[PDB]
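Novice: Attaching a single structure in structure tokens format; questions to follow.
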Amino acid sequence: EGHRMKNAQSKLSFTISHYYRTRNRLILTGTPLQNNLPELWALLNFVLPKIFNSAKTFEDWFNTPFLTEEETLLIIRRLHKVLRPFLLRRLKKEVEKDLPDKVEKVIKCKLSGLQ
Amino acid sequence: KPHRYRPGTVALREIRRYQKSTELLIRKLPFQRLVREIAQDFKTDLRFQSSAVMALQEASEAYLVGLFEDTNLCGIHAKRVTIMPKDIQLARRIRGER
Amino acid sequence: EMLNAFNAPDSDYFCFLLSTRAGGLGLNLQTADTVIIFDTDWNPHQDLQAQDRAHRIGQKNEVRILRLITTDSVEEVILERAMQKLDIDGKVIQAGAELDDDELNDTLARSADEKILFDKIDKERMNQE
Amino acid sequence: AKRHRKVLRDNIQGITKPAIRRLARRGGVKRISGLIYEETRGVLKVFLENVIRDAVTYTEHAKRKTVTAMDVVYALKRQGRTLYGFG
Amino acid sequence: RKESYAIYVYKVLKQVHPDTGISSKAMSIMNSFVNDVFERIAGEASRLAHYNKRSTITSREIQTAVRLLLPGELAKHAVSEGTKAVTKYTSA
Amino acid sequence: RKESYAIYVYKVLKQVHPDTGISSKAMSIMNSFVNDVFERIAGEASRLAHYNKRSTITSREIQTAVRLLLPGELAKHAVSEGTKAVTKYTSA
Amino acid sequence: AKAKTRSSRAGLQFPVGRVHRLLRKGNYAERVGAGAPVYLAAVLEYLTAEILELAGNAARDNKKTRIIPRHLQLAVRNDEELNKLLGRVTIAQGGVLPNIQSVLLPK
DNA sequence: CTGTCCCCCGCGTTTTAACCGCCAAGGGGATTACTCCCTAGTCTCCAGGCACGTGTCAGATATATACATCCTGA
DNA sequence: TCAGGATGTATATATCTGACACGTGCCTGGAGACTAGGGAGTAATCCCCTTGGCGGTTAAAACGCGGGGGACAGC
Ligand SMILES: [Mg+2]
């Protein structure tokens, strides 16, 4: 649940760096971090204390969420290419295709007189 | 039977202990809530610097401790070792706080 | 205890209450069935986690979920901000009237049979005076 | 309780019996009657009302919404209780 | 020559208890009273200007100084009176 | 920039107990101490000059203010020290 | 060039002009706002008037038609807020309030 | 100085809220730029206020007289 | 508990004065008119610090409970 790592500023993250000799680390998460982008960087930096130059380097380095195919596909393609050996991700659809349905639905309701 | 100290032995230990040390004696979060509530009666939606609260507590404890010092003295004057509301009220009345 | 009890095939209870922040992650449950969201989510990922607690490898039954949003309110506002936040998921993926009972029953139906069950219930709701 | 917490007591009750006792110990009080605890709370409440009122008055004057340490200091200074260490 | 508030105090007295007079000792007391209040308010207004890194004492500073000087109702009414005086003054 | 007397207090400490250091908390206390004293002396000197209908604060007023502020021997030494310092200053 | 005093403009009984000068001569600040001495003079009047009212009442109670220091003392010491305001003030020839403790009085 | 009783203290057990860490939004405390208008400064005029005389009556002081108040024999 | 008496307090009546109220002439300090310039108001940014809630532990607060020491009433 490395998602929790989020912001490297945290005490958790801090004390982990003070675990010193840990010759090989691995992060498990069900999802990539917050949409800002630095969080993704922070985790990537945490995992591999090499991937850096600025905490928010991704805002420029992979300036897709911050032209069409050009700024999107090509940049996110290279995002993938550099993260290709670091992120492993497969979808349940890709893996099984056995989930009974899309299992989705939302509803809306009115307030009571008091509410 | 288990060991029990004569009443007052522990009291003196506490007195020595608390006079020797310097930390705050009132739980900080309870203190903050008290402050914030009081503040609402003069103006709502106020914020406090955390240091502002600390300033209030340093002063508040200093005040109450000083009060207890004088209160204690009054009890002694009346040949008692137990402080009573009458002693607090007197002390403030003599100081001119009421 | 509770987790084992959830796993128990003969569970006396059929439902349970969970903390988004805590229970949203803490559950392996292939016998999970339906999920109802009340808390709403400033960070959509937590709902994705909570939501998908109900269907992991080994999940046998069709999962249904609900999100209870009030009409014309702050919940809609927060919800839409959450919907905006989901865009980054798309970036990663590409890199690599509202109270009509019949309608509600339709959205909750697995079979018209449940609609029928509710019909009886609403008739009971009517029967109560 | 379980069904309803019902744990709302009072902010003045946040000053506990042992908290007061501790203050008294620093003061040098050997023995404390049971009515002291309530009396002490009353006194403190008043003290804070006066200081806070002055502090927020300075805050209002300056057209700000956050009461600062200096505002508290000024309040205390106004009342003849100069506090060192907070600038 | 030496100025005082004797005649102003006197006029005020006449506006409250027309028939009542006032001894010279009582008057000297009232004179020193006025000076005392004047100084307390002015003193607070002064440091208010310093606290806000300003340099002009206006009715805002004085108003605040009053709120930081007079107790309870005295403050409430003094502020009310000050407000009215300035209001009329600038209105006409 | 937020000027203070930290460096001066520090230097003084090293001229009295050269090996002794000082915590930053204690330093802020000393800083506020200096400000307090400064204000008290200056404040008295201010109204002192005012009492004599004078517009200039000189070393005479500061001296008197010290005599009217500090207690006992403390005052005597402060006065002695100030006198000496000024003497040297005007010489140089 | 019709002249009209600021006190009369404000409708006050205190010398707004004098007050203004005093604020400047007392060096309370670098600048003194035009509405400052007006506001202040009003306050000075307010407080003055309230005391005089009470003093006059004291005089009436003692069947006097002239306010003396004793009356001023009685006025200030009886009113709660004025007592607080002037809590550190000694009024010459005022005396003290009539007050004997019940513990000293006979049973 | 003495008796007595009650109530505060010492202490074991149990419950609970403070402390610390985390997470998220966001909104007031700062900055800077620009402008404008409010007040310092100055000169001229004039009456509001001050010192000084001057009358007169409000309260101080005698002066005789009627009632409250405290102490005691009853 | 009640009446007598001695003292004290209070109360009407002169009467007497000196301290306060009031009139007058002067003069300087306050008002008017005018000008400059810089302090304060005001808008726009930004970002750091505050706040609200939750998770999780654990020292501390609460609570009961016996019992001895002090508070206190009496003399
Ligand atoms: Mg996991």
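Novice: Per 5 Å bin, what is the whole-percent P(r) computed from every C-alpha pair distance within chain G?
Specialist: In whole percents, the pair-distance histogram is 2, 10, 15, 14, 13, 15, 12, 7, 4, 3, 2, 1, 1, 0, 0, 0.
Novice: Further, regarding this structure: When the convex hull of the C-alpha atoms of the stretch G:1-40 is computed, what volume per residue in Å³ does it have?
Specialist: Details: hull volume 3.0 nm³, N = 40.
It is 76 Å³ per residue.
Novice: Hey, another quick one. If the cut-off is a Cα-Cα distance under 20 Å, which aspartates and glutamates reach F:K88, setting aside same-chain residues fewer than 8 apart in sequence?
Specialist: Of all the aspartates and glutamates, those that pass the test against F:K88 - Cα under 20 Å, at least 8 places apart if same chain - are F:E61.
Novice: Now, a different point. Are there GluC sites (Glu not before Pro) in chain E that DSSP marks as loop and that have at most 12 other Cβ atoms within 10 Å, and which are they? Let's see the in-between values first.
Specialist: Details: sites: E:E3, E:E39, E:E44, E:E61, E:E73, E:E81; in loops: E:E3.
Answer in residue order: E:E3.
Novice: With the alpha-carbon atoms as the only input, what is the per residue convex hull volume for the stretch B:21-87 in Å³? Don't skip to the end; give the middle numbers.
Specialist: Working: hull volume 7.6 nm³, N = 67.
Per-residue hull volume (Cα only) is 113 Å³.
Novice: Next up: Determine the alpha carbon to alpha carbon distance for each of A:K11/B:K20; E:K76/G:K64; E:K11/G:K63; E:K25/G:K64 and list only those over 26 Å.
Specialist: A:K11/B:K20; E:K76/G:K64
Novice: Another question about this same structure. When the Karplus curve 6.51 cos²θ - 1.76 cosθ + 1.60 is applied with θ = phi - 60°, which whole-Hz ³J(HN,Hα) does each residue of the stretch G:38-43 get, with x for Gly and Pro?
Specialist: Rounded to whole hertz, the list is 6, 4, 5, 4, 4, 5.
Novice: Further, regarding this structure: Taking a cut-off of 14 Å, what percent of all Cα-Cα pairs in chain D are separated by more than that?
Specialist: Details: 2737 of 3741 pairs.
When all Cα pairs of chain D are counted, 73 percent exceed 14 Å.
Novice: Kindly give the semi-axes, whole Å and largest first, of the ellipsoid equivalent to chain F, taking each as the square root of 5 times a Cα gyration tensor eigenvalue. Working shown, then result.
Specialist: Working: eigenvalues 150, 56, 35 Å².
For chain F, the semi-axes come out at 27, 17, 13 Å.
Novice: I'm checking a number: the convex hull volume of the Cα atoms of chain A, normalised per residue, in Å³. What is it? Provide the component values of the computation, followed by the final result.
Specialist: Working: hull volume 25.6 nm³, N = 115.
Dividing the Cα hull volume of chain A by its residues yields 223 Å³.
Novice: Residue by residue through the stretch G:88-93, what is 3J(HN,Hα) from phi via Karplus (6.51 cos²θ - 1.76 cosθ + 1.60, θ = phi - 60°)? Round to whole Hz and write x for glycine and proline.
Specialist: Per-residue couplings from phi come out as 9, 9, 9, 9, 4, 6 Hz.
Novice: When you take every Cα atom in chain C, what is the radius of gyration, and what is Dmax, the widest Cα pair distance, in Å?
Specialist: Spelled out, the Cα radius of gyration and Dmax of chain C are 17.6, 60 Å.
Novice: Next question, about the same structure. Using the Karplus curve 6.51 cos²θ - 1.76 cosθ + 1.60 with θ = phi - 60°, work out ³J(HN,Hα) for each residue of the stretch C:59-70 in order, rounded to whole Hz, and write x for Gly and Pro.
Specialist: Result, rounded to whole Hz: 4, 9, 9, 4, 8, 10, 10, 9, 10, 9, 10, 7.
Novice: Compactness ratio of the protein assembly as shown: Cα Rg over 2.2 N^0.38 Å, N = residue count?
Specialist: In units of the 2.2 N^0.38 Å rule of thumb, it is 1.39.
Novice: Taking the Cα centre of chain A as origin, work out the dipole magnitude from +1 charges on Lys and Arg Cβ and -1 charges on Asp and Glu Cβ, in debye rounded to 20.
Specialist: Values: 21 positive and 12 negative charges, 96 e Å.
Rounded to the nearest 20 debye, it is 460 debye.
Novice: Taking H placed 1.01 Å from N in the peptide plane, check which residues at least 5 places from D:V67 or on another chain put their amide H under 5 Å from its amide H.
Specialist: Here B:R47, B:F48, B:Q49 satisfy the definition.
Novice: Sticking with this one: Once amide H atoms are placed 1.01 Å from N in the peptide plane, what residues at a sequence separation of 5 or more from E:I22, or on another chain, have their amide H within under 5 Å of its amide H?
Specialist: So E:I22 has HN proximity to G:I67.
Novice: Show which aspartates and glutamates lie in cross-link reach of B:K79 when reach means a straight Cα distance below 17 angstrom and same-chain residues fewer than eight apart are skipped.
Specialist: B:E69, B:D70, B:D87
Novice: Using Cα positions and a limit of under 18 Å, work out the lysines in reach of D:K63, with same-chain residues fewer than 8 apart set aside.
Specialist: Straight-line reach from D:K63, under 18 Å: B:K43, E:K53.
Novice: Can you give me the C-alpha center-to-center distance between the stretch E:1-64 and the stretch G:63-78, rounded to a whole angstrom?
Specialist: 20 Å
For neighbour counting, all protein chains shown are included, and Cβ atoms are generated from backbone atoms with ideal geometry for every residue, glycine included. Just so you know, all these numbers are worked out from the coordinates, no wet-lab data involved.
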